[PDB]
Amino acid sequence: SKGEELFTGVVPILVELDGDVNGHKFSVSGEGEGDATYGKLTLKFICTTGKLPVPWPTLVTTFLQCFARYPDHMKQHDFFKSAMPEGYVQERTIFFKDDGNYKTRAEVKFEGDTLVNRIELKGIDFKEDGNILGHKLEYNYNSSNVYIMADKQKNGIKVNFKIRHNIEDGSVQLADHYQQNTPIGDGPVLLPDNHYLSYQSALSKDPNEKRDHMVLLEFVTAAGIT
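Residues numbered from 1 in each chain as written, not as in the entry; some residues may be left out. Heavy atoms only, no water. Residues with missing side-chain atoms left out of burial classes, pairs and counts.

Deposited coordinates in this entry are attributed by the record to X-ray crystallography, at a stated resolution of 3.6000 Å.

Next comes the structure, spelled out in structure tokens:
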């Protein structure tokens, strides 16, 4: 079985990120599970290399759009599942307004019965005491919309959206995200009509975990096509 069928149940997820932000190197491991039928992800991330040198909320968007719930009438527009199990490559630049930038490359594919997202992230030109390195961002998340359109020129899609990280003084740190996805395997794939994914998310902590970590729950629904 392969394609829009592998996500009918709960699917285990793995995340591996090796990072370098302004020369500060770190690694994060995550695990949990997803159920695309309900548009639900549940993940816990632990920084295995010590103190995370950037705020957890700045990595939420980095840490599985294949688990979006697409309505039946939108089900023929779900690129992410249509590319599975071969998977896709995910690339981003994330521009933090008046601060540094992130660049990410990720691989999403089925390894056995587990979906695995392996990510590399490098960040540069961040201020030593900016909102990111100075840990001035509130630990919370707002509701966002993620806009998707086809990029036929690359046999993939182009995606962009803008996240708004709340700062402890009531101001906002903006993060302009630009992303494109192309399949990892060589083959057909579904290219969508213009549409968006509606995101809601929640961050918490595990009271019994001694290490720096993040527990994350996401709800994802496709919309924008009538």
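Next comes the rest of the description.
Engineer: I'm lost on the nonpolar core in this one. Help?
Structural biologist: Generally speaking, a soluble globular protein has its nonpolar side chains buried in company with each other. Of all hydrophobic cores here, the largest spans 59 residues; its most connected members are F67, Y102 and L115. Sort the elements by how many residues they give to this core and strand β1 (residues 10-21) lands first, with 5 residues. Not counting chain neighbours up to four residues away, the residues in contact with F67 comprise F7, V11, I13, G34, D35, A36, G39, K40, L41, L115 and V220. (Core = buried A, V, L, I, M, F, W, Y, C linked by side-chain atoms within 4.5 Å. Buried < 20%, exposed > 50% of the residue type's maximum accessible area, 1.4 Å probe, protein only. Helix = DSSP H or I, 4+ residues; strand = E, 2+ residues; numbered from the N terminus. Contact = heavy atoms within 4.5 Å.)

Engineer: Quick question: what am I supposed to make of the sheet that holds strand β8 (residues 156-166) here?
Structural biologist: In a beta sheet, neighbouring strands are held together by backbone hydrogen bonds and run either parallel or antiparallel to one another. The mixed closed barrel is built from 11 strands, whose spatial order is β1-β2-β3-β11-β10-β7-β8-β9-β4-β5-β6. Each neighbouring strand pair of the sheet contributes to a mean axis angle of 20°, computed without reference to strand direction. In this sheet, strand β2 (residues 24-35) lies alongside β1 in antiparallel orientation, the contact comprising 12 bridges. Following the sheet pairing, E16 is matched in β2 by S29. (Pairing = 2+ DSSP bridges. Axes fitted to C-alpha atoms, helices over the stretch in contact; angles between N-to-C directions.)

Engineer: Before we go on, may I ask you to explain the pattern of salt bridges in this structure?
Structural biologist: Pairing between side chains of opposite charge can happen when their charged atoms approach one another. Throughout the structure, instances matching the rule amount to 8 salt bridges. Notably, a salt bridge pairs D20 with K25, separated by 3.9 Å at the nearest N-O pair. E209 is paired through a salt bridge with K44; the nearest N and O atoms lie 3.1 Å apart. A relative accessible area of 26% means that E209 is categorised as partly exposed. A single salt-bridge network, built from bridges that share partners, covers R105, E107, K109, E111 and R118. (Salt bridge = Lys/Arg side-chain N within 4 Å of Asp/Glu carboxyl O.)

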